Amino acid sequence: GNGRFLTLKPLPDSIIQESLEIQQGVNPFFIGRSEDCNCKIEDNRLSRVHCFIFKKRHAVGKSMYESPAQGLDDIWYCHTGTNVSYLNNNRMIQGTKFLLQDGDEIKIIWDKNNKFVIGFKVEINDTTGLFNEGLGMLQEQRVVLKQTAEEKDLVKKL
C-alpha cells in the first residue's frame, strides 16, 4: 500500500478500459469528465463532478473489549452526475451517497439505444484504518443515501 487505498478499474464492460486508483490520502475521490475529478473517465455524457467516492468514519457503538469496526472508516460512493448511476442493483441520482463494498462495480452511465455502458470495479488493496474495507460485516445493507450540505461542500473544492 504505497498510497492507493482503493482501486477503481473501469473494466472492459465499460466503454473505457482504464484503471483508477484512490489514495488513502485522497478523500473524497472525485469522478467525472473534467480531470478535475480525481478519477478520470471520458464520457460525453459524464459531468465535471459526475460522481465522487467519499470516505467517512464508521459510526459504531462502544467496544467494551478488543474488536474491530470500533470507529474505523468506511468509503461511500457519492453520485453527482445528472445521468444517474447504478451500483450492483441500486439507483443513485446526482446527490446520493452509497456504501462501497470491496469488488464493487459501479455503472455511471447506461444507454440502451446508444449502447453506452460504463462501470468501474472497486478493488481495495490498502485499508487506511477501515472498519473492514467497505464490504461491511453481517447483514449487508445496500441502500442509497441522500447527499447533504456537508457532501455538497466536498464537491465545491473537487
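Residues numbered from 1 in each chain as written, not as in the entry; some residues may be left out. Heavy atoms only, no water.

The deposited coordinates derive from solution NMR.

Trainee: So what exactly am I meant to see when it comes to the packing of aromatic side chains here?
Mentor: Given two aromatic rings, one states the distance between the centres and the angle between the planes to describe the pair. Going through the model one piece at a time under the given rule, you end up with one aromatic pair. Arranged with centres 5.6 Å apart and planes meeting at 45°, the rings of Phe-30 and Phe-52 form a pair that is tilted. A residue pair is termed long-range when its members are at least 10 positions apart, and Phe-30 in strand β3 (residues 29-32) and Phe-52 in strand β5 (residues 51-57) qualify at 22 residues. In this structure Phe-30 comes out as buried when scored by relative accessible area, which is 3%. Relative accessible area serves as the criterion here: at 0%, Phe-52 is assigned to the buried category. Its guanidinium or amino end placed over the ring of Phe-5, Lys-55 lies 4.8 Å from that ring's centre, counting from NZ or CZ. The ring of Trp-76 is capped by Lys-97, whose NZ or CZ atom sits 4.9 Å from the centre of that ring. (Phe/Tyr/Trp six-rings, centres within 6.5 Å; stacked < 30°, edge-to-face > 60°. Helix = DSSP H or I, 4+ residues; strand = E, 2+ residues; numbered from the N terminus. Buried < 20%, exposed > 50% of the residue type's maximum accessible area, 1.4 Å probe, protein only. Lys NZ or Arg CZ within 6 Å of the ring centre and 35° of its normal.)

Trainee: Even after reading the chapter, I still don't get the pairing of strand β6 (residues 73-79), so can you show me in this structure?
Mentor: Moving residue by residue along a regular strand, the side chains alternate between the two faces of the sheet. Counting buried positions along β6 yields six of seven residues, so the element is predominantly enclosed. In this sheet, β6 lies alongside β5 in antiparallel orientation, the contact comprising seven bridges. Counted as the bridge partner of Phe-54 is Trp-76 from β6. Where β6 and strand β9 (residues 96-99) come together, four bridges link them in antiparallel fashion. Within β9, the residue paired with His-79 across the bridge is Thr-96. (Pairing = 2+ DSSP bridges.)

Trainee: I'm lost on the nonpolar core in this one. Help?
Mentor: The tendency in soluble globular proteins is for nonpolar side chains to be buried as a group. Formed by 31 residues in total, the largest nonpolar core has its most connected members in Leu-8, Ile-31, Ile-53, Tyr-77 and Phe-120. Looking at this core, the elements that each hand over two or more residues are β1 (4-10), β2 (20-23), β3, β5, β6 and β11 (120-124). Ignoring anything within four residues of it in the chain, the contact list for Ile-31 reads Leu-8, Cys-37, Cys-39, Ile-41, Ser-47, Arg-48, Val-49, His-50, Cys-51, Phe-52, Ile-53 and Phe-120. Grouped together as the second largest cluster of nonpolar side chains are ten residues, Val-49, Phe-52, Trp-76 and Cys-78 included. (Core = buried A, V, L, I, M, F, W, Y, C linked by side-chain atoms within 4.5 Å. Contact = heavy atoms within 4.5 Å.)

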